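Written below as C-alpha cells is the structure these notes are about.
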Amino acid sequence: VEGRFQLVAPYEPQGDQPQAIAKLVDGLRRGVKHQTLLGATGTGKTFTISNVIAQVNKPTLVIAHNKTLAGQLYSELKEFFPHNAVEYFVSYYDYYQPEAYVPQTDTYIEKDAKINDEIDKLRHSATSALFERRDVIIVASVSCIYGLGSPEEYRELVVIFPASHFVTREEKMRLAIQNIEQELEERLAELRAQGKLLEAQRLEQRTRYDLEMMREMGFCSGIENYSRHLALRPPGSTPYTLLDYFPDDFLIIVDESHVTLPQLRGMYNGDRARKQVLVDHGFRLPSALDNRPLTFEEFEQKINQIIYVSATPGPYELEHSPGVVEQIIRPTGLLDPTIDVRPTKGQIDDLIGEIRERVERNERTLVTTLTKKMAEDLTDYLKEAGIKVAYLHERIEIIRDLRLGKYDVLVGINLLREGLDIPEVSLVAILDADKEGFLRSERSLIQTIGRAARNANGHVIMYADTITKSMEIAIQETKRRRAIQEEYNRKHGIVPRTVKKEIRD
DNA sequence: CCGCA
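All letters in the first sequence, in the order written, are residues 1 to 159, 243 to 476, 483 to 594 by the authors' numbering.
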C-alpha cells in the first residue's frame, strides 16, 4: 500500500479497553470533531490510545503537559511501534532566559539560551519524517504551538532537508529588511511625536544594529523578533506551527487534558505581556508581537480530530464532546477504593491508629494536608508515636525507599505529583477534605483517591467536619466506579490482586 | 513549560 502502523506488545486489549477503542475508532471515522477518553488512573490509556492510532492509520500528535511525561509516552510508543515513525518534538534549550525588561528597576534582561542538539535533532527528524512517510506519532511538549517556518517553504526548499525551520530565501530578505526599516521609521515618528524620545533612541539603535547585521551576514541575534517581516506575511498573521507540518487528516491526542489544555491556552497571554513591555519601551518593534505562540482559538482552529485523554476530563473537553468514552475496568480487576469520611475531632490520633494496622499488614500510607507547616506538624507528630515517616517539600529515591519499607508513611501536600503510584500504598488519608482549595477540588480529590487504586486493599479516609459538594461528588463518583468494577469481576470470575512490581539500584 | 546567536 504506502505507510501504516504495526502494533507490538505481548498482550491483547483486556478490561473495557476494547469497548473504548471501538467507540473511539468509530467516532473518528464517523466524522466526529472532539472525543474525550475518560479512563481511570491505572487502566489501558496508552495501549488503548496506541490501538486507536494503529486502526485509523493517521499521522498523530501526542501533546503532554510536562517533559518527563512526554519522555515516557515516547519511550513506550517507540517500543509499541518499533517499526514506525515515533518522534520527540519538545523544547531544545537546556537553559533559557527570554529578553525581558523590568520597567520599575529599569532592568533590561538580555536573551540567554543554551541549545541542546540531541533534542534539536529529534525536532527536525519529526518535521522531516512528517513529509517523508504518512504513519507518524510525534510526542510533543507544548512547544508545538510555538512558531515555525511555513511548511511549503520548508520542503519547497529541499535538495536533502533544511538544517533550520526558518530558512528565508534571499529575494525575500532584501524586501523584508526594507519593510523593517519602514516600520522602524514609522514607530520612531510615533514615539518621538508622543514625547517618548528616549524610547525612540533605544529602538533606533537596536533595530539599525540588527538591520545592519542582517544585510552584512544574512541573519543576526534575536532574529526571531523579525520573523513575520522575513516571512512577508501581513501584520496580525497567525504563526505557522508544528501542527501545520501535518497532513489535514492528522490526529491529536492531548494527554492529561485537564492540565495540558490550559497550559497550552495560557502560553500566548504570557508571551504578549512581556513582548508588549519591550515594545512599549523601545526594545522592540510592534511587529515583534507577531512572533509568538498560538491563541487557544487559533489552536482549536487548526485541529483536525482530537482526543482528550483524562481521568478527570476538564470543562472544555466535556463541553465540546458527545459525552465521553469511559474506561473504568482495569486489566488487574482492581477497584477504585472505598472512602470513609471521619471527624477532624482528634483526627491525628485516629490516623495514627489506622497506620499501625497498615504497618502490621505490611502496607503504606500517604497523607495529604492542606498546608506546609500543617504537614511538618504531622511528620513530627507521627514520629512522636514512633512511626517511620517521610515528607515532601535524589527525591525519586525517598519514594523508592517507601516501597522498600524504610518509611511506613509518607506525608505530603500535593500527592498529585508524579511518582506516587506505589502499589504498596493501601491507605490514602486526606486531611481537610472539606476546607476548600485546589487540592480539595472535585478533580484533585478524585486524583488523590486514585492513589489507593493500585493496592487491592486500597482505602481512602477523608478527615472533615462537613461534606462539601466537592467531597460529595468524588465520593459518589468513586462509588459508582467501584460498583461497576465489582460487577465486572463477578462476571469474569476475577479476584483482584495488587500489581506486582519492584525497584532497581 | 515556552522561547530562531
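Every residue, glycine too, gets a C-beta built ideally from N, C-alpha and C.
Unbroken alpha helix (DSSP H) runs of no fewer than 4 residues, entirely contained in the segment 486 to 572, are found at 531 to 539, following chain order. Separation of the CB atoms of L38 and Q410 is rounded to 7 Å, and the pair is thereby assigned contact status at 8 Å. In terms of Cα proximity to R570, the closest of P426, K456 and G416 is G416. In the DSSP assignment, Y96 falls within the unbroken beta strand (DSSP E) covering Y93 to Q97. Its chain contains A518 as the residues whose beta carbon lies nearer than 6 Å to that of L434, once the 5 sequence neighbours on both sides are disregarded; these appear in chain order. Annotation: the segment 411 to 465 contains the following complete segments of the beta strand (DSSP E) (minimum length 3 residues), in chain order: 421 to 425 and 447 to 451. Of the residues assessed, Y323 falls on the buried side of the cut-off, its CB having 16 or more other CB atoms within 10 angstroms. Counting C-beta pairs with one atom in each stretch, the segment 61 to 72 and the segment 334 to 348 have three or more that are closer than 8 Å, which means they touch.
The segment 3 to 10 and the segment 547 to 562 do not touch, with fewer than 3 CB-CB distances between them shorter than 8 Å.
Residue burial annotation: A572 is exposed, with fewer than 16 other C-beta atoms found within 10 angstroms of its C-beta.
Residue state for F89 is assigned as strand, using DSSP reduced to three classes. The secondary-structure analysis by DSSP pairs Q35 across a beta bridge with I390. Annotation: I119 to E273 spans about 42 Å, alpha carbon to alpha carbon. Taking a 10 Å sphere around the C-beta of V139, we find 16 or more other C-beta atoms and assign the residue as buried. Around the beta carbon of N445, fewer than 16 other beta carbons lie within 10 angstroms, which makes this residue exposed.
Between the segment 350 to 363 and the segment 28 to 47 there are fewer than three C-beta pairs closer than 8 Å, too few to call the two in contact. For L148, the three-state secondary structure derived from DSSP is strand.
DSSP lists no bridge partner for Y292.
As far as DSSP is concerned, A40 takes part in no beta bridge. In this structure, the straight-line span from the alpha carbon of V142 to that of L73 is close to 14 Å. In this structure, the straight-line span from the alpha carbon of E153 to that of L372 is close to 22 Å. A contact between stretches requires three or more CB pairs, one per stretch, nearer than 8 Å, and the segment 360 to 372 meets this requirement with the segment 259 to 279.
In the three-state reduction of the DSSP assignment, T60 falls in the strand class. According to DSSP, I109 shares a beta bridge with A100. Under DSSP, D338 shares a beta bridge with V392.
Membership of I137 in the beta strand (DSSP E) is indicated by the continuous run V136 to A140.
C-alpha of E110 to C-alpha of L267: approximately 21 Å in a straight line. The bridge partners DSSP lists for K114 are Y95. Beta-bridge partners of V472 (DSSP): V498. Judged by DSSP in its simplified three-state form, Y11 adopts coil rather than helix or strand. In the three-state DSSP reduction, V25 falls in the helix class (H, G or I). In this structure, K114 sits away from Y88, with a CB-CB distance that is not shorter than 8 Å. In chain order, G3 and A85 place their CB closer than 6 Å to the CB of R133, counting only its own chain and leaving out the 5 sequence neighbours on each side. Buried is the label assigned to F329, since at least 16 other Cβ atoms lie within 10 Å of its Cβ.
Using a 10 angstroms sphere on the CB of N308, the tally of other CB atoms reaches 16 or more, which defines it as buried. Between the segment 525 to 545 and the segment 416 to 431 there are three or more C-beta pairs closer than 8 Å, enough to call the two in contact.
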